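Here the Cβ positions follow ideal geometry from the backbone for every residue, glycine too, while neighbour counts run over all protein chains shown. Read-outs throughout are calculated quantities, based only on the coordinates presented, and are distinct from any laboratory measurement.
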Amino acid sequence: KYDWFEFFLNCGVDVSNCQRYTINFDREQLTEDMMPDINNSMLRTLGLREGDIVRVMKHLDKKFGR
């Protein structure tokens, strides 16, 4: 099972939100292979705060060379 908590922490998300977002990603069946498909709309659907959407997308864009 993918460690979403570590991923959010590495994005600079605050520890409380890391817990909440991990619960949500796990429940909603998000996996590592889906990371290239993640966009702002989806993160908003998954309940991320606007600041955290920015942080996570900045990380993913850097990861995937965008």
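Divide by every residue of the chain the summed helix terms, -39500 (n - 2.57) for each DSSP H run of at least 4, and state the resulting mean residue ellipticity at 222 nm, rounded to the nearest 500 deg cm²/dmol. Numbers along the way, then the final one.
Details: 4 runs with 41 residues, N = 66.
Per the formula, -18500 deg cm²/dmol.
Check cross-link reach from residue 58 to the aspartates and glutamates: straight Cα distance under 17 Å, and skip same-chain residues fewer than eight apart.
6, 14, 32, 37, 50
In bins 10 Å wide, starting from 0, what share of all Cα pairs of the chain does each bin hold, as a percent?
Cα pair-distance distribution for the chain, in percent: 21, 65, 14.
Ordered by packing density, taken as the mean number of other Cβ atoms within 10 Å over each peptide's residues, highest first, how do 58-65, 25-32 rank? Let's see the in-between values first.
Numbers: 58-65: 11.5, 25-32: 13.0.
The densest-packed peptide leads the list: 25-32, 58-65.
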